[PDB]
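Have a look at the structure below, then the notes.
FYI, side chains are in, hydrogens and waters are out, and symmetry mates aren't considered; it's all heavy atoms of this structure. Chain identifiers are assigned alphabetically (A, B, ...) following the order of the sequence lines, protein sequences preceding nucleic acid strands; residue numbering begins at 1 within each chain.
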4 protein chains.
Amino acid sequence: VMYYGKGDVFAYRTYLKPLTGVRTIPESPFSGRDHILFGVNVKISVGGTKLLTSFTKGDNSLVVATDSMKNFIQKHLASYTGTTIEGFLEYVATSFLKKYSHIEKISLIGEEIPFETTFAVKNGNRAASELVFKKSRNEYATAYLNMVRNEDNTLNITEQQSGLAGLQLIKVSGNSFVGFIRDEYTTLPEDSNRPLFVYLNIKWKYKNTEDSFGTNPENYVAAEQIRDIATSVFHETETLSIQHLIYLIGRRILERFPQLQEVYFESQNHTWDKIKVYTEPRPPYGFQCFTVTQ
Amino acid sequence: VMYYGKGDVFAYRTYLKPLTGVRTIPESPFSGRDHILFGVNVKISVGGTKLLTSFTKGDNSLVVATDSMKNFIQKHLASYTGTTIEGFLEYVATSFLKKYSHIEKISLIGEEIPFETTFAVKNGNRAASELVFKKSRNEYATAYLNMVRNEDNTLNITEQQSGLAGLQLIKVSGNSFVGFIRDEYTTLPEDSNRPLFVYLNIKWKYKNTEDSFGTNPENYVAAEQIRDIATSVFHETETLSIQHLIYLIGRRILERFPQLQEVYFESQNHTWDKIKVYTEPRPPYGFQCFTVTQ
Amino acid sequence: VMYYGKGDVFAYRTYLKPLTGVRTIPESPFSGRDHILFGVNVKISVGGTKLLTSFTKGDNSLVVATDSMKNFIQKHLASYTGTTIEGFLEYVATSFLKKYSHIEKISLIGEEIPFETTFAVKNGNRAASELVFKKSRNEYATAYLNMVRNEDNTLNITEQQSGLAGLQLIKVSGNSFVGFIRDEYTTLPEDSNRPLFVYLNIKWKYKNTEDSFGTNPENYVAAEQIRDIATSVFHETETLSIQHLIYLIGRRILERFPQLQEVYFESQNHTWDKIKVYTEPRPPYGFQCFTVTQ
Amino acid sequence: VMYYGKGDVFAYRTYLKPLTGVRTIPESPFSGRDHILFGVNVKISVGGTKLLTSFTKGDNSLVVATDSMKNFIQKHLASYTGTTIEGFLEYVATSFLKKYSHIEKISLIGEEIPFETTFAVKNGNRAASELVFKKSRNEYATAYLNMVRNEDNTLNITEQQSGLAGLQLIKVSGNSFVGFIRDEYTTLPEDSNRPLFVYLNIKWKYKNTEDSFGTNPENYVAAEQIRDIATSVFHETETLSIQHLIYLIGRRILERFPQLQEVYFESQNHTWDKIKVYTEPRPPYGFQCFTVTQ
Ligand SMILES: O=c1[nH]c(=O)c2nn[nH]c2[nH]1
Ligand SMILES: O=c1[nH]c(=O)c2nn[nH]c2[nH]1
Ligand SMILES: O=c1[nH]c(=O)c2nn[nH]c2[nH]1
Ligand SMILES: O=c1[nH]c(=O)c2nn[nH]c2[nH]1
Ligand SMILES: [Cl-]
Ligand SMILES: [Cl-]
Ligand SMILES: [Cl-]
Ligand SMILES: [Cl-]
């Protein structure tokens, strides 16, 4: 391995081009993003065989300073004319490889920094503020992009993934976990009605990478919509396990978005202990990792 | 000082008596709490001169185990018939001092563990779920109560305070900070239009402690309403400083809620640096502490 | 309440004047600090009736910018000729009140950012490096100072306190907790031999505040010595409770340091659950608070 | 992907068999581990085609409860007769695959929970305590193991890696970063003498995975020794970049330990800003990733 880069490149932009013209689904009222306030946390990694001597000899001649990568990202958020974090990453990646010919590969991660609307009274009525926003520490959208320079100096995207991270959902009833193996290592009682509490990280990949950019917004899959599918399916389902639940969420996602190739889940179990009153469990947490494919 | 107790006593209760019959204000649509899911994090501290030898001699005869305090709190959440965290603390405090005659003082802190509603499609339409909730890591209500046993075994509340913690608000324009002292220690440029980003912790005290319990809900002051006042005032105000803003929020709170005696602010400045694009500042943060009284 | 200021003012200084000539005690090898690297996290709070209109009118005329306070602290670390965090706080406080006549009160907290020595080899001989240090996230020294301007314009230290924070000690055997109250709320079994795990925060006050500055190092009480006293007493004692333990630690501190007036403890219980193998408990933690006086 | 398991399985064992007979090197005083206290944080992931219906049909028949996996790990720590985290992972993995024939693959991560020795005095003499230990939140050893069941029912380790995580080192002088690319995105000044502050995560792989277990202790590579090599090389080197430094650390490690096949570095740059006094930078951090092979 041989890479270097910059992490935690925060950048906040006001009045990005709004996202509109999206295609709706029954589970979600989502109809676009105002983009009055747009924040992203970017990580950039770069590689290339010409970087070897920066390690083996301490030769910095071909080293783009990581501070300069930070400047690069922040400047490009100012000039970005698109509507999605996915499109922003492509803009940065393409621009970076065009600028720095000795770099052979670039990886980017972008995490939304979410803000929520607030309300204010003005001119006699209470309404959504166009000025004041609440920083949210709950779920957030993510995007990943990897781009390579080929021998002929053409650029190719080699991997793209979008996601939703930090979703924490508890369903107070209508969940069971029974029928599991009962042997000499088992002390967990069967439970026909538990308040299942899951952490969900959901990632999806498009059949066609272009659909991720938002340039034809009707083909874009919004994290907001994925969130609403997850909550609806959780509500609808008499769950038999977390495994059972996330398969069903995945199937619904792929049904609602035929342009997707696959969905990947990372879930954690944080269900409370019963002492109706419950309390926090000991630290160990179950987890599940599962891919659903078209 | 001589106290001991238990912290991080999480307790989650389903179907607490709903809070309704509240008195509305223009800034807030708040009309009550469903209490399908009610979570609280309690810290309990107890004192009394009869605890001395548990320190000086290692004599545990009069020691209520802190583990037993945790059991006490969780059991009382199960039996609580009221509608507010403030009332829960009074219930716990009175009960504890009645049980344990050698304890002279008890302090309680209760922090709301907030959950947000989610949507689900059932029977043809999308509607708020009565089963699935989203755990929120954003702002949360707080309550504080101290109670003492007098010589005649009567119990008195000696301090009560309610609050709202973890409110993080950014206003993208309509904020200035100019005219401050410019001397040999000053490098901060004057700024006629900054995206002021404040953390707010707001605490209020009632003229009549009975009003905090929710037994006559029309006299209760809800953290939700306080939150909505803060966002409204922030929006309305061409801020001149954080100091200026929190005084105005305080004045409005006291105007809307004549039954309050005072409001106390702890604010922090987390305003982004301009590189329109902004980024995270260095770690040092400004803060302000201010009390507004009727 | 009416204060404002700056928190998380990190400042790192190289080659501070070394602390030397400290009176040693049996429990500790500590004799001083080389101060090749000296890190502090400072919080400054200031008050004064002349600050009122900065809140009530948005008048910034007598506002020292919190950014400027940060500059003030960092510039004074560069000029500081003393040898302790306690002395540094006094230097900053006195200087600030001398500079800004409209300020009546200043409160300072200083937390050590600790660094540990590392090994390097020269001529086949391994010894402590004078260049490379390890940043520690374990225990750290603290200092507190409050200074006020009197009506006759004299300056007075109204409160001073030193401390040790973040000490986490586990004793694998030789600890009991038995004989506590057993009633309807008690589920905790008696334990004649538990691996007591305590978090300790220890704070001391001097009879004479001048002794805290270290200008006469024979009278200075180092956090390192307090640490070594705590571990020695823990080792020596068949503990009967945390309450029992911290009283004995306090007595030993006051015996070793007659120049101290009091020692104040804040302890927490994080003892593992037994399944010899143990595991982490549920989140609730016991705590104790106790002052021992000379 | 199709896996599930348990994370944050903390387990603390007293009086594990001591690690003895480790070959000492000039950079380090390390000669073994007393293992009076032995703490590990384990993550277990398992897979197999037969787990499919637990996802697709909600069939729990072949589900080992994640709670049971926790029980399995903790019971095996109790019976483990070896001397290393690496060996413990092998013990758990082999045991688990022997028990559960429907499981085709198991991945294990083990992270040391480190404790440090403390001092105690008896009859006027200070020595290391055999009873009281200090929990450390600084650097810690890691181990990774992946094991699979083949078609002929033999078991095979497919991946093994050891490591040192959480090392934070600052060298106060003797570091430069100059000669990097200066173009339209470069604002970083060259620095001929910076107080380079690096976070290091170092991982190594053995030529023979058997050497990782410690059964032949002369071939075991201790994380403590890797730490002391890293600090020695940092001290000795006039660093030209972090890239330059980690290459040299890697080369020294492979020189000292011919039984190793590779060393992999993940570093981060956290160097302070100069205001001699320095302060914390803005959040963005540089990072470097490099593999040195034998
Ligand atoms: O949904 C669940 N899946 C599991 O694998 C499991 N194991 N314990 N509890 C569990 N719950
Ligand atoms: O609102 C503000 N108040 C202050 O006191 C201050 N100081 N620097 N910036 C500031 N902003
Ligand atoms: O040392 C202890 N003190 C206490 O007060 C306590 N309560 N539960 N366990 C305890 N241990
Ligand atoms: O050691 C460094 N490597 C880098 O790549 C770099 N970029 N900015 N500063 C840096 N320092
Ligand atoms: Cl689970
Ligand atoms: Cl400020
Ligand atoms: Cl306790
Ligand atoms: Cl860097």
Side-chain angles (χ1 to χ4, degrees), chain A residues 8-15 26-29 36-37 39 41 70-71 74-75 77-78 115-116 118-121 126 129-139 166-174 195 197 199 227-228 230-236 270 272 275 277-280, chain B residues 8-15 26-29 36-37 39 70-71 74-75 77-78 115-116 118-121 125-126 129-139 166-174 195 197 199 227-228 230-236 270 272 275 277-280:
Chain A
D8 278 353
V9 180
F10 292 92
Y12 302 95
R13 156 91 187 258
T14 56
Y15 306 103
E27 287 85 4
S28 180
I36 293 167
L37 186 57
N41 177 351
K70 175 209 65 163
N71 292 336
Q74 293 176 340
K75 281 181 179 188
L77 185 58
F115 299 89
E116 296 182 349
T118 70
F119 289 67
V121 174
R126 178 178 62 248
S129 174
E130 77 281 7
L131 300 177
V132 180
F133 300 88
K134 194 179 80 168
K135 189 169 193 114
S136 178
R137 289 84 81 194
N138 297 331
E139 66 280 0
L167 192 55
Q168 301 185 1
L169 300 174
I170 185 271
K171 186 186 183 188
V172 296
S173 62
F197 187 11
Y199 293 5
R227 178 187 62 225
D228 294 342
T231 62
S232 190
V233 168
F234 199 178
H235 175 98
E236 294 170 56
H270 292 271
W272 305 321
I275 66 138
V277 174
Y278 307 86
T279 192
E280 293 288 356
Chain B
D8 276 355
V9 181
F10 293 91
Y12 301 98
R13 159 81 188 259
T14 59
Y15 306 103
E27 287 82 3
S28 182
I36 292 169
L37 184 57
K70 171 214 59 159
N71 292 333
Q74 294 176 334
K75 278 187 176 176
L77 182 60
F115 298 87
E116 288 176 358
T118 69
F119 281 140
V121 174
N125 77 321
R126 183 177 57 250
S129 172
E130 77 281 7
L131 301 175
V132 180
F133 301 88
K134 194 179 81 176
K135 179 168 195 122
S136 177
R137 289 85 80 194
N138 296 333
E139 66 278 2
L167 184 57
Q168 302 187 359
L169 299 174
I170 185 268
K171 186 181 179 190
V172 297
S173 65
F197 186 15
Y199 294 5
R227 173 184 64 224
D228 295 338
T231 60
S232 193
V233 169
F234 199 179
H235 175 100
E236 297 169 50
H270 290 273
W272 305 321
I275 66 143
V277 176
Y278 306 86
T279 191
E280 293 289 355

- When only pairs under 4.5 Å are counted, which of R137(B), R227(B), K171(B) shares the most heavy-atom pairs with chain A? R137(B)
- Message: Just verifying a value: how many Å separate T279(B) OG1 and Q74(A) CD, rounded to the nearest 0.5 Å?
- Response: 4.0 Å
- Item | Which atom of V121(A) lies closest to which atom of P26(B), heavy atoms considered | CG2-O, 3.4 Å
- Note on the structure: Smallest heavy-atom separation, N138(B) atom then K135(A) atom, equals OD1-O, 3.8 Å
- Task: Evaluate the side-chain proximity of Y12(A) to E280(B): yes if any heavy-atom separation is below 4.5 Å, no if none is.
- Result: yes
- Query: What pairs with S129(A) under side chain to side chain donor-acceptor pair (under 3.5 Å), at least two apart in sequence or on another chain?
  - Reply: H235(B)
- What class does the angle between the rings of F115(B) and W272(A) fall in, given that below 30° is parallel, 30 to 60° is tilted and above 60° is perpendicular? perpendicular
- Message: Under a 4.5 Å cutoff for heavy-atom pairs, which residue among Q168(B), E27(B), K75(B) has the most contacts with chain A?
- Response: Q168(B)
- Item | Flag, side chain of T118(B) to backbone of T231(A), donor-acceptor distance under 3.5 Å | no
- Message: Holding to salt bridge (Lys or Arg N to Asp or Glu O under 4.0 Å), I want the full list of residues that pass it with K134(A), two or more places apart in sequence or in another chain.
- Response: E116(A), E139(B)
- Item | Winner by heavy-atom pair count (cut-off under 4.5 Å) against chain B, out of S136(A), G166(A), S173(A), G39(A) | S136(A)
- Item | side-chain contact (heavy atoms from CB on, under 4.5 Å) assessment of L131(B) paired with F234(A) | CA-CA 9 Å; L131(B) 301 175; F234(A) 199 178; over 6 Å; no
- Task: Give the minimum heavy-atom separation between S232(A) and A120(B), together with the two atoms involved.
- Result: OG-CA, 3.6 Å
- Message: Counting heavy-atom pairs under 4.5 Å with chain A, which one of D228(B), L37(B), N71(B) comes out on top?
- Response: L37(B)
